[PDB]
């Protein structure tokens, strides 16, 4: 119920401000970045399960699932990967200095394509190209379900999850899309972006479509 507030490491806030304000054209690369991250999480739970089979029992199916929520202007990207504990959301998503953050900003100033973000290990922050707010909902086998939330400012919140659907195991990236980026709520657009940049994915990519009967 009670939210804990944490400060972002200085260089991460600069990077987030850069990306949320950019007039850069090829904004669709955010999906490639989030599918790769999702695929890495799925590799980690699969690799871990080789010597610990019981790790998969909290969520036996290994998948990536994309759910547009047009009514809320939300796009969700779920995976049944390793997930993150409260301590892993705090360290990995904001407080610890990520190797590559300042160097990616340096490559960007020199002329690099924002598309290179994933080679610097900070591809997660590409979501701010299309979203002005994000909730990272995660369930690790080692902890309770938690919500990490950011709006590209200097601080983020972490809250024990008592409001969202139960994840058996994994992470949900809940993107609150910008008014000009509502095209990523469309099935044809989503399918087009997936086929173009995520051809070699070892896990099924599912698209959740809502349709009116007759």
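Residue numbers count along the first chain shown, from 1. Rigid core here is just the name for the largest C-alpha set that superposes within 1.5 Å across the two forms.
Fitting each structure in 9 other deposited structures of this protein onto the rigid core and averaging C-alpha distances over structures and residues, 28-36 emerges as the more displaced of 28-36 and 44-52. In 9 other deposited structures of this protein, superposed on the rigid core, the segment with the larger root-mean-square CA displacement between 125-133 and 102-110 is 102-110.
Comparing 90-98 with 70-78, the stretch with the higher mean C-alpha B-factor in the PDB entry is 90-98.
Of the two segments, 101-109 and 136-144, the one listed with the higher mean B-factor is 101-109 (C-alpha atoms only). For the set 181, 164, 157, 151, the PDB entry puts the maximum C-alpha B factor at 181.
Split the chain's modelled residues into thirds by C-alpha temperature factor. Residue 170 is in the lowest one. The entry lists a Cα temperature factor for residue 209 that places it in the middle third of the chain's modelled residues.
Annotation for residue 33: CA B-factor lies in the lowest third of the chain's modelled residues.
Annotation for residue 62: CA B-factor lies in the middle third of the chain's modelled residues.
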